[PDB]
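Residue numbers (the deposited numbering), protein chains in the order written: chain A, 355 to 392; chain C, 15 to 159, 178 to 616; chain B, 233 to 343, 356 to 497.
All residues carry an ideal CB built from backbone N, CA and C; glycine is no exception.
First the structure, in the form of structure tokens, and then the observations on it.
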């Protein structure tokens with residue numbers, strides 16, 4: 355297929371999400387009660 | 015405003031939709047505005063026929079030097095072996111600019127890669143190695159129709193078992209005079225260990241733009257003795273062996289064969305400007321000949337008469353123009369001085385238009401072959417005599433002057449042929465409207481100008497660029513100022529020329545302050561009707577110095593970014609240094 | 233009077249005026265004793281004297297050299313680049329030549357107008373990567389493929405080389421007019437910018453209309469740069485007051 359200029363065979367990425375808390379519901383008036391959340 | 019404060023503002027110019035004219039060609043009305051529009055259209059089409067017929071041959075010569083060079087290099091790149099078998103083939107391409115494409119042959123069960131290398135592509139040895147093995151693995155795995181390797185000579189070691197083919201890499205160093213030779217012999221040492229792998233064949237190709245005594249002076253001696261195993265030289269330059277100057281200047285005569293002529297001064301100017309430049313001469317030949325043609329059809333109305341169909345559009349102003357040719361004056365003086373027929377010279381002097389109008393059309397059937405006989409001298413020197421070191425431009429120059437026999441005896445090889453290679457031509461009447469020429473200094477002023485001299489001339493004298501007027505002084509704002517006062521930045525240069533090498537800026541200001549009129553500018557400064565700020569500084573008892581420092585500092589900081597003034601002693605900027613002298 | 237020079241300006245005028253002057257014959261006068269001004273008095277008398285000292289002779293000169301414009305269009309359409317050296321600002325010359333005259337005449341002759361990329365090269369904030377970004381949407385060429393890009397090469401120079409081999413199989417009409425002001429300015433005289441602008445002039449389908457200000461300008465171009473430009477030089481020195489560019493440079497006391 356392709357011939358690459360260099361390789362990064364020993365790479366380890368975490369399992370971490372990119373979208374922040376601001377885009378959970380996109381509703382400031384309807385944020386649930388964060389204290390007694392599971 | 016604020017659009018000349020940002021770099022690269024693109025601008026779409028809006029346009030009126032149509033004007034409905036023939037103004038689609040730049041050729042203006044000649045003969046002081048008396049020419050016909052159909053003649054201007056025919057002049058444009060005729061110039062384009064001539065220019066296309068020239069450049070369609072120039073392009074074949076220029077794309078034939080590559081088919082000669084690829085044929086040349088790829089014969090001493092192959093078809094030879096050395097008994098040592100542990101050496102790389104080396105080809106020194108002398109005088110070559112890095113502009114050539116190299117072709118590698120079939121030679122099946124063996125790859126052939128070409129690794130071009132550059133002084134930008136070589137800051138040290140490891141980038142050369144990584145780029146070389148990257149190009150090798152790319153041009154090996156893409157010419158096959178999967179793992180990742182490291183880019184070093186291990187790929188050269190196991191190229192036989194990775195792919196199954198023998199390696200033959202041909203290196204190609206582009207500007208060998210511009211690479212570090214300290215990096216280059218390190219790369220040659222690092223390549224020398226590839227000899228032990230029994231399936232490689234390294235070939236080195238050096239594109240040198242200087243002589244070979246400057247490459248083997250900078251290299252180390254062990255690398256030079258390694259390069260002395262199977263080396264070949266090859267002179268690649270279009271001045272060696274004048275075959276491509278004898279095909280561009282030959283093809284220029286095939287467009288002007290009978291219609292146009294070349295002057296003496298023009299061909300010697302060509303020879304003077306082709307000899308002060310060695311690297312590219314097949315381009316400085318064409319961009320002088322085309323600019324000679326372009327300054328002809330833009331200037332000479334009689335170019336419309338170089339085609340033998342436009343013979344009937346001889347208006348009165350063409351008969352005025354052709355009558356004041358001095359060769360025709362020599363012919364009419366001949367018609368006076370040898371014999372005396374009255375009523376024929378009385379006709380053709382100023383009265384009869386029909387005799388002069390029909391007389392000129394006889395003067396176009398004549399050929400008088402200069403360029404029709406010079407090809408015979410070229411074929412005689414190339415085929416029958418076998419001398420391939422002659423210049424068609426200089427032979428044509430001596431043939432145009434008439435001292436061709438000196439140039440033929442310059443070799444002392446054709447002593448039995450100085451009658452066969454002889455030709456004494458004469459002039460045909462009305463050459464001097466039909467000759468490509470340079471007597472006005474046009475090909476000098478706008479191809480090879482004396483740049484710095486023109487800048488200094490316009491700075492010093494300045495009357496050859498600014499006019500003097502005699503009516504527009506009272507409706508203006510400065511009518512009496514253009515005659516008694518030199519322009520600032522052109523007046524300051526008169527003091528800059530006759531200053532020392534170290535110019536004190538206060539003395540350079542005082543010398544500028546007492547070369548200005550005092551009792552004129554203190555009257556002039558109160559002229560503006562709109563503003564009120566310019567008049568109160570004239571009500572200040574030191575107006576002349578405060579208006580003199582503004583103009584002086586403006587001229588000084590205007591010279592400085594032009595290049596004539598260096599401010600030495602940073603954090604002072606008070607003692608400037610003159611750093612451009614006139615006439616050099 | 234203040235120079236004891238036997239010769240004037242030639243090589244011997246260079247050798248003669250480069251003597252050695254003693255410590256008492258010297259005049260160490262600071263320019264503090266020059267009568268100081270404000271910035272606004274300079275700003276006022278400057279713009280007064282720009283258009284009210286030789287205004288009508290300079291307009292006469294621009295009308296004299298304004299009937300030279302068909303030769304400039306002829307030289308551009310025959311393959312050459314243009315170079316306008318001379319005393320004074322050549323800015324309004326190229327703003328009144330390339331915008332007004334040139335691109336209407338080019339647009340009519342091949343039948356919107358022809359795009360004009362002005363390039364203020366007297367501004368020291370003149371990178372060639374955003375300038376080549378501005379070229380690659382007025383032409384929109386092809387992208388650099390994997391085989392044609394190289395190991396950490398320069399993508400701009402390789403893209404211009406790809407455009408050069410693309411535009412040998414094309415009709416010869418001007419597709420852009422690239423108007424460089426002060427081609428030897430402080431951020432464009434460097435080598436890779438000149439390699440860019442010299443490889444752009446190889447294309448017949450772009451007309452380069454440049455201008456210079458410095459006097460040692462022609463040594464920026466060797467036998468490879470001066471061959472890919474193939475300039476024709478035109479001294480249009482018109483003694484302009486040059487006040488667009490001096491706001492960039494330091495006018496420090």
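- According to DSSP, residue 360 (chain B) shares a beta bridge with C:25 and B:421.
- Within the same chain, Cβ atoms closer than 8 angstroms to the Cβ of residue 377 (chain C) are found at 364, 367 and 368, the five residues on either side in sequence being excluded.
- Listed along the chain, the chain A residues whose CB falls inside 7 angstroms of the CB of residue 125 (chain C) amount to none; the nearest CB is some 15 angstroms away.
- Pairing residue 486 (chain C) with residue 318 (chain B) gives a Cβ-Cβ distance under 9 angstroms.
- DSSP assignment within the stretch 65-135 of chain C yields the following whole beta strand (DSSP E) runs of 3 residues or more, N-terminal first: 103-108 and 124-131.
- Under the Cβ distance rule, residue 210 (chain C) does not count among the residues neighbouring chain A, no pair being separated by less than 9 angstroms.
- Excluding five sequence positions before and after residue 447 (chain B), the CB atoms of its chain that fall closer than 7 angstroms to its own CB belong to 407, 408 and 411, given in chain order.
- Going by beta carbons, residue 582 (chain C) and residue 273 (chain B) fall inside the 9 angstroms limit.
- Closest option to residue 373 (chain B), judged by alpha-carbon separation, among B:440, B:313 and B:337: B:440.
- The C-beta of residue 404 (chain B) has 16 or more other C-beta atoms within 10 Å across all chains shown, which makes the residue buried.
- In this structure the stretch 37-47 of chain C lies against the stretch 328-340 of chain C, because at least three pairs of beta carbons, one per stretch, are closer than 8 angstroms.
- Spatial neighbours of residue 417 (chain B) in its own chain (CB-CB distance under 6 angstroms, excluding positions within 5 residues in sequence) are listed in chain order as 342.
- At a cut-off of 9 angstroms, the C-beta of residue 357 (chain A) has a neighbouring C-beta in chain C.
- Residues of the same chain with their beta carbon placed closer than 6 angstroms to that of residue 277 (chain B) are lacking, with the five preceding and five following residues left out of the count.
- Under a 10 Å Cβ-count criterion, residue 593 (chain C) is classified as buried, with 16 or more other Cβ atoms of the shown protein chains found around its own Cβ.
- A distance of 9 angstroms or more separates the beta carbons of residue 269 (chain C) and residue 471 (chain C).
- Under the three-state reduction of DSSP, residue 253 (chain B) is assigned to coil, being neither helix nor strand.
- Cβ neighbours of residue 192 (chain C) within its own chain (closer than 6 angstroms, five residues either side excluded): 231.
- Along the stretch 361-383 of chain A, the positions whose C-beta sits under 7 angstroms from a C-beta of chain C are 361, read in chain order.
- Distance from the CA of residue 453 (chain C) to the CA of residue 323 (chain C), rounded to the nearest whole angstrom, comes to 32 angstroms.
- For the alpha helix (DSSP H) assignment, the uninterrupted runs of no fewer than 4 residues enclosed by the stretch 282-338 of chain B are, from N- to C-terminal side, 287-296, 301-309 and 323-326.
- Bounds of any alpha helix (DSSP H) do not take in residue 183 (chain C), whose DSSP letter is neither H nor E.
- Contact annotation, residue 261 (chain B) with residue 539 (chain C): C-beta distance approximately 7 angstroms; criterion of less than 8 angstroms satisfied.
- Straight through space, the alpha carbons of residue 494 (chain C) and residue 551 (chain C) are spaced by roughly 24 angstroms.
- Around residue 429 (chain C), the same chain offers 296, 299, 300 and 303 as residues with beta carbons nearer than 8 angstroms, after the five sequence neighbours per side are excluded.
- By the criterion of a C-beta distance shorter than 6 angstroms, residue 436 (chain C) is surrounded in its chain by 430, once the five residues flanking it on both sides are discounted.
- The Cβ atoms of residue 60 (chain C) and residue 353 (chain C) lie no closer than 9 angstroms to each other.
- Chain A has a Cβ within less than 9 angstroms of the Cβ of residue 155 (chain C).
- Residue-level contact by beta carbon holds for residue 487 (chain C) and chain B, with a gap shorter than 9 angstroms.
- Cβ-Cβ distances below 8 angstroms link residue 207 (chain C) to 112, 132, 133, 239 and 241 in the same chain, with the five nearest sequence neighbours on each side left out; the list follows chain order.
- Interface annotation, residue 74 (chain C): not in contact with chain B, CB-CB separation never under 9 angstroms.
- A direct Cα-Cα distance of roughly 39 angstroms separates residue 370 (chain A) from residue 384 (chain B).
- A contact between stretches requires three or more CB pairs, one per stretch, nearer than 8 angstroms, and the stretch 551-560 of chain C meets this requirement with the stretch 504-518 of chain C.
- In the DSSP annotation of this structure, the continuous segment of the beta strand (DSSP E) that includes residue 534 (chain C) starts and ends at 534-536.
- In the DSSP assignment, residue 610 (chain C) falls within the unbroken beta strand (DSSP E) covering 607-610.
- In this model, residue 387 (chain A) and residue 17 (chain C) are separated by some 55 angstroms (Cα to Cα).
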